[PDB]
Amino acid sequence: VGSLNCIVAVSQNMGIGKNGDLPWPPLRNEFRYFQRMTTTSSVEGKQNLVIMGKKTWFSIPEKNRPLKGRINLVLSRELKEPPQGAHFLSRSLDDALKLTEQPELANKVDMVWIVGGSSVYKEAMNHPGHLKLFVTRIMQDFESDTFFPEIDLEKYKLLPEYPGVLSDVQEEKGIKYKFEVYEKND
């Protein structure tokens, strides 16, 4: 398997969710960015794996589950069975990552993408080693009930550019946003 990555879109007040959905109106090109970044594998013959908590799984409309072109893994401590459509169910993040080191999965999985929610991001971001954060800065406050922790810049470096990421400010529906990539190596 390849690198470990988080991807997230965050409002100005660090919100990521509200009532089991996103806090802002649908941003078509921001979803297309999430889709492109999580689907595109750098190695031929492999797919990427997305890891998410249970509420994040059910925040994806059923018609889009599992996320196409990606191996979908759901984290849950209490589910008796994998949610219909999921490819894998793991009881902890460590269990999920050790799944990716199985030989027959490692030769089919390139990047691992953490796609939320709050507790999954937090655990991944404190795991030592190489990690990238793909962060969309939604440049407006939105009412939220689920949040992302402020990034420690002594640990995470904001990259000046990244292949395949547009650096210019974007705007949809009167909402400005910009794509950022952070990297730590501790």
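Heads up: residue numbers just count along the shown sequence, starting at 1. For the two forms, the rigid core is made up of the largest set of C-alpha atoms that agree within 1.5 Å on superposition.
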Note: with structures superposed on the core, the stretch whose C-alphas sit farther off in 7 other deposited structures of this protein, 33-41 or 150-158, is 150-158
Superpose by the rigid core and compare 111-119 with 95-103; which one moves more, by C-alpha RMS, in 7 other deposited structures of this protein?
95-103
Averaging the C-alpha B factors as listed in the entry, name the stretch that ends up higher: 37-45 or 114-122.
37-45
Do the C-alpha atoms of 173-181 or of 159-167 have the higher average B factor in the entry?
159-167
Residue 154: CA temperature factor from the record, placed by chain third, in the highest
On the chain's distribution of Cα B-factors, residue 130 falls within the third called highest
What third of its chain's C-alpha B-factors does residue 8 belong to: lowest, middle or highest?
lowest
Give the position of residue 79 by CA B-factor within its chain, expressed as the lowest, middle or highest third.
highest
Ranked C-alpha temperature factor of residue 56 among modelled chain residues, by third
lowest
